[PDB]
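**Student:** Below is the file coords.pdb, which contains PDB, C-alpha atoms.
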ATOM      1  CA  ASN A   1     -56.071 -72.610 -27.256
ATOM      2  CA  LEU A   2     -55.215 -69.351 -25.502
ATOM      3  CA  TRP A   3     -56.560 -67.140 -22.728
ATOM      4  CA  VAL A   4     -55.912 -63.623 -21.473
ATOM      5  CA  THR A   5     -53.539 -63.505 -18.499
ATOM      6  CA  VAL A   6     -52.939 -60.284 -16.560
ATOM      7  CA  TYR A   7     -49.477 -59.508 -15.194
ATOM      8  CA  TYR A   8     -48.586 -56.977 -12.504
ATOM      9  CA  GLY A   9     -45.299 -55.106 -12.354
ATOM     10  CA  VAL A  10     -44.170 -55.662 -15.947
ATOM     11  CA  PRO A  11     -41.288 -53.383 -17.046
ATOM     12  CA  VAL A  12     -43.274 -51.103 -19.360
ATOM     13  CA  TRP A  13     -42.856 -47.331 -19.506
ATOM     14  CA  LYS A  14     -44.317 -44.502 -21.571
ATOM     15  CA  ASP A  15     -43.029 -40.971 -22.041
ATOM     16  CA  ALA A  16     -44.877 -38.681 -19.653
ATOM     17  CA  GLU A  17     -44.722 -35.394 -17.774
ATOM     18  CA  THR A  18     -44.839 -35.073 -13.995
ATOM     19  CA  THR A  19     -43.755 -32.906 -11.080
ATOM     20  CA  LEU A  20     -40.229 -33.592  -9.821
ATOM     21  CA  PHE A  21     -39.276 -32.883  -6.224
ATOM     22  CA  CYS A  22     -35.850 -31.748  -5.045
ATOM     23  CA  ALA A  23     -33.181 -33.697  -3.196
ATOM     24  CA  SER A  24     -29.786 -32.485  -2.002
ATOM     25  CA  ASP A  25     -26.973 -33.977   0.054
ATOM     26  CA  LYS A  33     -26.212 -20.982   5.892
ATOM     27  CA  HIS A  34     -29.503 -20.340   4.111
ATOM     28  CA  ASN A  35     -29.317 -20.424   0.319
ATOM     29  CA  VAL A  36     -31.496 -18.950  -2.405
ATOM     30  CA  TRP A  37     -32.462 -22.356  -3.822
ATOM     31  CA  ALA A  38     -33.815 -23.498  -0.419
ATOM     32  CA  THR A  39     -31.801 -26.708  -0.636
ATOM     33  CA  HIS A  40     -32.727 -27.416   2.988
ATOM     34  CA  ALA A  41     -36.326 -27.920   1.846
ATOM     35  CA  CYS A  42     -35.104 -30.647  -0.518
ATOM     36  CA  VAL A  43     -35.428 -34.129   0.967
ATOM     37  CA  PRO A  44     -32.076 -35.653   2.037
ATOM     38  CA  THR A  45     -30.925 -37.899  -0.785
ATOM     39  CA  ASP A  46     -29.772 -41.445  -0.187
ATOM     40  CA  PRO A  47     -26.013 -41.607   0.498
ATOM     41  CA  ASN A  48     -25.740 -44.432  -2.064
ATOM     42  CA  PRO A  49     -27.763 -43.726  -5.228
ATOM     43  CA  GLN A  50     -29.159 -46.783  -6.994
ATOM     44  CA  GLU A  51     -28.358 -47.004 -10.711
ATOM     45  CA  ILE A  52     -29.592 -49.954 -12.762
ATOM     46  CA  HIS A  53     -28.315 -50.850 -16.226
ATOM     47  CA  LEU A  54     -31.072 -51.650 -18.737
TER      48      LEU A  54
ATOM     49  CA  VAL N   2     -17.207 -18.266  15.787
ATOM     50  CA  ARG N   3     -14.825 -15.319  16.081
ATOM     51  CA  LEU N   4     -14.813 -13.410  19.375
ATOM     52  CA  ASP N   5     -13.475  -9.878  19.817
ATOM     53  CA  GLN N   6     -12.665  -8.379  23.210
ATOM     54  CA  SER N   7     -11.876  -4.942  24.577
ATOM     55  CA  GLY N   8      -8.344  -3.791  25.299
ATOM     56  CA  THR N   9      -6.269  -3.837  28.453
ATOM     57  CA  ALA N  10      -7.623  -1.917  31.444
ATOM     58  CA  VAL N  11      -5.949  -0.710  34.642
ATOM     59  CA  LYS N  12      -7.987   0.096  37.744
ATOM     60  CA  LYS N  13      -7.591   1.121  41.386
ATOM     61  CA  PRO N  14      -9.044  -0.901  44.283
ATOM     62  CA  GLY N  15     -12.735  -0.290  44.867
ATOM     63  CA  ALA N  16     -13.342   0.923  41.303
ATOM     64  CA  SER N  17     -15.495  -0.697  38.605
ATOM     65  CA  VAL N  18     -14.480  -2.419  35.370
ATOM     66  CA  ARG N  19     -16.332  -3.112  32.120
ATOM     67  CA  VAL N  20     -14.933  -5.483  29.490
ATOM     68  CA  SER N  21     -16.653  -5.879  26.130
ATOM     69  CA  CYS N  22     -17.008  -9.103  24.151
ATOM     70  CA  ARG N  23     -18.411  -8.955  20.621
ATOM     71  CA  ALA N  24     -19.449 -12.023  18.611
ATOM     72  CA  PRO N  25     -20.332 -10.603  15.194
ATOM     73  CA  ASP N  26     -23.070 -12.191  13.089
ATOM     74  CA  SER N  27     -23.647 -14.997  15.598
ATOM     75  CA  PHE N  28     -26.557 -13.784  17.742
ATOM     76  CA  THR N  29     -29.166 -14.802  15.153
ATOM     77  CA  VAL N  30     -30.276 -18.185  13.825
ATOM     78  CA  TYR N  31     -32.632 -19.060  10.976
ATOM     79  CA  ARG N  32     -35.494 -21.301  12.020
ATOM     80  CA  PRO N  33     -36.434 -22.533   8.519
ATOM     81  CA  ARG N  34     -39.948 -23.678   9.423
ATOM     82  CA  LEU N  35     -40.700 -20.199  10.771
ATOM     83  CA  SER N  36     -38.929 -18.477   7.834
ATOM     84  CA  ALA N  37     -37.258 -15.730   9.853
ATOM     85  CA  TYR N  38     -34.045 -14.773  11.636
ATOM     86  CA  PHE N  39     -34.671 -15.375  15.335
ATOM     87  CA  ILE N  40     -32.258 -14.785  18.186
ATOM     88  CA  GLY N  41     -30.848 -18.137  19.212
ATOM     89  CA  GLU N  42     -30.571 -19.444  22.754
ATOM     90  CA  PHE N  43     -26.802 -19.200  22.999
ATOM     91  CA  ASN N  44     -24.846 -18.702  26.213
ATOM     92  CA  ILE N  45     -21.815 -16.432  26.533
ATOM     93  CA  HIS N  46     -19.593 -17.595  29.385
ATOM     94  CA  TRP N  47     -17.133 -15.365  31.234
ATOM     95  CA  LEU N  48     -13.939 -16.834  32.679
ATOM     96  CA  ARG N  49     -10.764 -15.456  34.217
ATOM     97  CA  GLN N  50      -7.272 -16.839  34.786
ATOM     98  CA  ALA N  51      -5.008 -15.503  37.514
ATOM     99  CA  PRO N  52      -1.307 -15.256  36.564
ATOM    100  CA  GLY N  53       0.039 -18.797  36.630
ATOM    101  CA  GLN N  54      -3.169 -20.246  38.096
ATOM    102  CA  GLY N  55      -5.981 -22.398  36.741
ATOM    103  CA  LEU N  56      -9.262 -21.375  35.169
ATOM    104  CA  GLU N  57     -12.238 -20.067  37.135
ATOM    105  CA  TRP N  58     -15.854 -19.727  36.023
ATOM    106  CA  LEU N  59     -17.558 -16.380  36.632
ATOM    107  CA  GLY N  60     -20.974 -16.526  34.982
ATOM    108  CA  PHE N  61     -22.884 -16.834  31.743
ATOM    109  CA  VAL N  62     -25.742 -14.970  30.081
ATOM    110  CA  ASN N  63     -28.487 -16.432  27.898
ATOM    111  CA  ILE N  64     -28.811 -14.414  24.697
ATOM    112  CA  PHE N  65     -32.534 -15.144  24.349
ATOM    113  CA  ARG N  66     -33.810 -12.892  27.137
ATOM    114  CA  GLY N  67     -30.724 -12.182  29.259
ATOM    115  CA  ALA N  68     -31.002 -14.955  31.840
ATOM    116  CA  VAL N  69     -27.912 -14.958  34.056
ATOM    117  CA  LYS N  70     -26.333 -17.377  36.517
ATOM    118  CA  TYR N  71     -23.534 -16.070  38.734
ATOM    119  CA  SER N  72     -20.931 -18.007  40.686
ATOM    120  CA  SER N  73     -21.561 -17.694  44.414
ATOM    121  CA  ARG N  74     -17.988 -16.453  44.904
ATOM    122  CA  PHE N  75     -18.946 -13.274  43.001
ATOM    123  CA  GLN N  76     -22.653 -12.760  43.739
ATOM    124  CA  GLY N  77     -23.502  -9.152  44.542
ATOM    125  CA  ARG N  78     -20.626  -7.479  42.688
ATOM    126  CA  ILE N  79     -20.840  -8.903  39.142
ATOM    127  CA  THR N  80     -23.287  -8.088  36.347
ATOM    128  CA  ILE N  81     -23.285  -9.700  32.899
ATOM    129  CA  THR N  82     -25.436  -8.022  30.256
ATOM    130  CA  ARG N  83     -25.743  -8.390  26.496
ATOM    131  CA  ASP N  84     -26.937  -6.109  23.699
ATOM    132  CA  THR N  85     -28.718  -7.991  20.926
ATOM    133  CA  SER N  86     -28.511  -5.000  18.575
ATOM    134  CA  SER N  87     -24.716  -4.714  18.766
ATOM    135  CA  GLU N  88     -24.146  -8.457  19.370
ATOM    136  CA  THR N  89     -21.907  -7.667  22.346
ATOM    137  CA  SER N  90     -21.634  -8.900  25.926
ATOM    138  CA  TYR N  91     -20.563  -6.740  28.865
ATOM    139  CA  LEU N  92     -19.028  -7.935  32.131
ATOM    140  CA  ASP N  93     -19.486  -5.389  34.924
ATOM    141  CA  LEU N  94     -17.423  -6.318  37.986
ATOM    142  CA  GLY N  95     -17.625  -4.111  41.063
ATOM    143  CA  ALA N  96     -15.492  -3.636  44.189
ATOM    144  CA  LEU N  97     -12.312  -4.866  42.541
ATOM    145  CA  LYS N  98      -9.682  -6.370  44.845
ATOM    146  CA  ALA N  99      -5.951  -6.750  44.275
ATOM    147  CA  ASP N 100      -6.380 -10.487  43.620
ATOM    148  CA  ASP N 101      -8.619  -9.833  40.595
ATOM    149  CA  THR N 102      -5.627  -9.303  38.289
ATOM    150  CA  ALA N 103      -6.348 -11.878  35.596
ATOM    151  CA  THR N 104      -6.946 -12.411  31.898
ATOM    152  CA  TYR N 105     -10.722 -12.436  31.423
ATOM    153  CA  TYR N 106     -12.058 -14.654  28.628
ATOM    154  CA  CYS N 107     -15.521 -14.663  27.086
ATOM    155  CA  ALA N 108     -16.627 -17.981  25.637
ATOM    156  CA  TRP N 109     -19.368 -19.111  23.272
ATOM    157  CA  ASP N 110     -21.752 -21.874  24.367
ATOM    158  CA  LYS N 111     -24.115 -23.413  21.828
ATOM    159  CA  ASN N 112     -26.364 -24.611  24.696
ATOM    160  CA  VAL N 113     -26.978 -28.013  23.109
ATOM    161  CA  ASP N 114     -28.625 -30.675  25.314
ATOM    162  CA  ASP N 115     -26.491 -33.570  23.940
ATOM    163  CA  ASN N 116     -23.198 -31.789  24.839
ATOM    164  CA  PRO N 117     -23.604 -29.665  28.023
ATOM    165  CA  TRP N 118     -21.351 -26.711  28.977
ATOM    166  CA  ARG N 119     -19.441 -26.702  25.661
ATOM    167  CA  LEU N 120     -17.331 -23.544  25.468
ATOM    168  CA  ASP N 121     -16.662 -23.895  21.759
ATOM    169  CA  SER N 122     -14.975 -20.586  20.920
ATOM    170  CA  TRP N 123     -12.909 -18.220  23.032
ATOM    171  CA  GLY N 124     -11.943 -14.580  22.865
ATOM    172  CA  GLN N 125      -8.338 -13.477  22.733
ATOM    173  CA  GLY N 126      -8.509 -12.572  26.426
ATOM    174  CA  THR N 127      -8.380  -9.210  28.194
ATOM    175  CA  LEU N 128      -5.787  -8.234  30.794
ATOM    176  CA  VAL N 129      -7.278  -6.392  33.774
ATOM    177  CA  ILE N 130      -4.747  -4.928  36.212
ATOM    178  CA  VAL N 131      -5.751  -3.690  39.667
ATOM    179  CA  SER N 132      -3.192  -2.015  41.914
ATOM    180  CA  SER N 133      -2.541   1.047  44.037
TER     181      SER N 133
END
As structure tokens, please, write out the structure in this file.

**Tutor:**
Amino acid sequence: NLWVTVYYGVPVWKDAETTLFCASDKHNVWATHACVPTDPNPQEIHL
Amino acid sequence: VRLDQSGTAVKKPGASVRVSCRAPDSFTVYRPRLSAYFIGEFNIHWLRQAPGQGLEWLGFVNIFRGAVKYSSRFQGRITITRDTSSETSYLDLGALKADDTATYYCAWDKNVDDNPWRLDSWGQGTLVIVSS
């Protein structure tokens, strides 16, 4: 037969809307200093 | 930072001398957390060089509230003041002697704990001639 099995961390995504914070690598108008310092090596993963 | 100094001056013994040192647009810093332009705790050092001799340290002034430290070889006849509005520093030396002929340099000190006594930028130098 069969039974329901729950899995955690499956690669499933849905389109959604959310707040996005700033990150950047004299004082400027965009307040780039307030942006968190980005990682020197960005991680990009091919799906 | 660019430093601008007053022109050549000639004086008689026993007179008084004032040399100006301007550091435009460098007296203020922006503390981002406080969201305002505050006056930074920089130090402007004053040095002189006798003709053909080495360097000698006169004194320095703290831009924050005007704190001054004077070399003991010149205590009692030197006064270093700064004007935060005009972003200038004034060296007032009194009772000039014939051996004071030297090029007087004003230097910029960031006053950073990690690197002490860093005289990062220097003025073009001012010739002061004393004679009879």

**Student:** Distance table requested - chain A against chain N, cut-off 12 Å, only C-alpha atoms: one row per qualifying residue with the closest atom pair and its distance in Å to one decimal, ordered by chain and rising residue number, as a tab-separated table.

**Tutor:**
residue	atom	partner	partner_atom	distance
A:33	CA	N:31	CA	8.4
A:34	CA	N:31	CA	7.7
A:35	CA	N:33	CA	11.1
A:38	CA	N:33	CA	9.4
A:39	CA	N:33	CA	11.1
A:40	CA	N:33	CA	8.3
A:41	CA	N:33	CA	8.6

**Student:** To one decimal place in Å, what is the distance between atom CA of residue 24 of chain N and atom CA of residue 106 of chain N?

**Tutor:**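 A separation of 12.7 Å between them.
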
**Student:** Please evaluate the PyMOL selection byres ((chain N and resi 125) around 12) against the displayed coordinates and give the resulting residues as a PDB file with C-alpha atoms, in the frame of the given file.

**Tutor:**
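selection29.pdb, freshly written:
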ATOM      1  CA  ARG N   3     -14.825 -15.319  16.081  1.00  0.00           C
ATOM      2  CA  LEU N   4     -14.813 -13.410  19.375  1.00  0.00           C
ATOM      3  CA  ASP N   5     -13.475  -9.878  19.817  1.00  0.00           C
ATOM      4  CA  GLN N   6     -12.665  -8.379  23.210  1.00  0.00           C
ATOM      5  CA  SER N   7     -11.876  -4.942  24.577  1.00  0.00           C
ATOM      6  CA  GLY N   8      -8.344  -3.791  25.299  1.00  0.00           C
ATOM      7  CA  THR N   9      -6.269  -3.837  28.453  1.00  0.00           C
ATOM      8  CA  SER N  21     -16.653  -5.879  26.130  1.00  0.00           C
ATOM      9  CA  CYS N  22     -17.008  -9.103  24.151  1.00  0.00           C
ATOM     10  CA  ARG N  23     -18.411  -8.955  20.621  1.00  0.00           C
ATOM     11  CA  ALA N  24     -19.449 -12.023  18.611  1.00  0.00           C
ATOM     12  CA  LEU N  48     -13.939 -16.834  32.679  1.00  0.00           C
ATOM     13  CA  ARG N  49     -10.764 -15.456  34.217  1.00  0.00           C
ATOM     14  CA  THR N 104      -6.946 -12.411  31.898  1.00  0.00           C
ATOM     15  CA  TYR N 105     -10.722 -12.436  31.423  1.00  0.00           C
ATOM     16  CA  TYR N 106     -12.058 -14.654  28.628  1.00  0.00           C
ATOM     17  CA  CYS N 107     -15.521 -14.663  27.086  1.00  0.00           C
ATOM     18  CA  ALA N 108     -16.627 -17.981  25.637  1.00  0.00           C
ATOM     19  CA  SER N 122     -14.975 -20.586  20.920  1.00  0.00           C
ATOM     20  CA  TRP N 123     -12.909 -18.220  23.032  1.00  0.00           C
ATOM     21  CA  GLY N 124     -11.943 -14.580  22.865  1.00  0.00           C
ATOM     22  CA  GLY N 126      -8.509 -12.572  26.426  1.00  0.00           C
ATOM     23  CA  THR N 127      -8.380  -9.210  28.194  1.00  0.00           C
ATOM     24  CA  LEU N 128      -5.787  -8.234  30.794  1.00  0.00           C
TER      25      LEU N 128
END

**Student:** Just how far from atom CA of residue 25 of chain N is atom CA of residue 131 of chain N, in Å to one decimal?

**Tutor:**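 Answer for the atom CA of residue 131 of chain N to atom CA of residue 25 of chain N separation: 29.3 Å.
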
**Student:** Please, which residues are within 12 Å of (-27.4, -17.5, 36.5) by the file's coordinates, counting only C-alpha atoms, and could they come as a PDB file with C-alpha atoms, keeping the file's coordinate frame?

**Tutor:**
ATOM      1  CA  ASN N  44     -24.846 -18.702  26.213  1.00  0.00           C
ATOM      2  CA  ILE N  45     -21.815 -16.432  26.533  1.00  0.00           C
ATOM      3  CA  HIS N  46     -19.593 -17.595  29.385  1.00  0.00           C
ATOM      4  CA  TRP N  47     -17.133 -15.365  31.234  1.00  0.00           C
ATOM      5  CA  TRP N  58     -15.854 -19.727  36.023  1.00  0.00           C
ATOM      6  CA  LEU N  59     -17.558 -16.380  36.632  1.00  0.00           C
ATOM      7  CA  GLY N  60     -20.974 -16.526  34.982  1.00  0.00           C
ATOM      8  CA  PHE N  61     -22.884 -16.834  31.743  1.00  0.00           C
ATOM      9  CA  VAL N  62     -25.742 -14.970  30.081  1.00  0.00           C
ATOM     10  CA  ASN N  63     -28.487 -16.432  27.898  1.00  0.00           C
ATOM     11  CA  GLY N  67     -30.724 -12.182  29.259  1.00  0.00           C
ATOM     12  CA  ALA N  68     -31.002 -14.955  31.840  1.00  0.00           C
ATOM     13  CA  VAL N  69     -27.912 -14.958  34.056  1.00  0.00           C
ATOM     14  CA  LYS N  70     -26.333 -17.377  36.517  1.00  0.00           C
ATOM     15  CA  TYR N  71     -23.534 -16.070  38.734  1.00  0.00           C
ATOM     16  CA  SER N  72     -20.931 -18.007  40.686  1.00  0.00           C
ATOM     17  CA  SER N  73     -21.561 -17.694  44.414  1.00  0.00           C
ATOM     18  CA  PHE N  75     -18.946 -13.274  43.001  1.00  0.00           C
ATOM     19  CA  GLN N  76     -22.653 -12.760  43.739  1.00  0.00           C
ATOM     20  CA  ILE N  79     -20.840  -8.903  39.142  1.00  0.00           C
ATOM     21  CA  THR N  80     -23.287  -8.088  36.347  1.00  0.00           C
ATOM     22  CA  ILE N  81     -23.285  -9.700  32.899  1.00  0.00           C
ATOM     23  CA  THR N  82     -25.436  -8.022  30.256  1.00  0.00           C
TER      24      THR N  82
END

**Student:** To one decimal place, how far is atom CA of residue 88 of chain N from atom CA of residue 11 of chain N in Å?

**Tutor:**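 Atom-to-atom, atom CA of residue 88 of chain N to atom CA of residue 11 of chain N, that is 25.0 Å.
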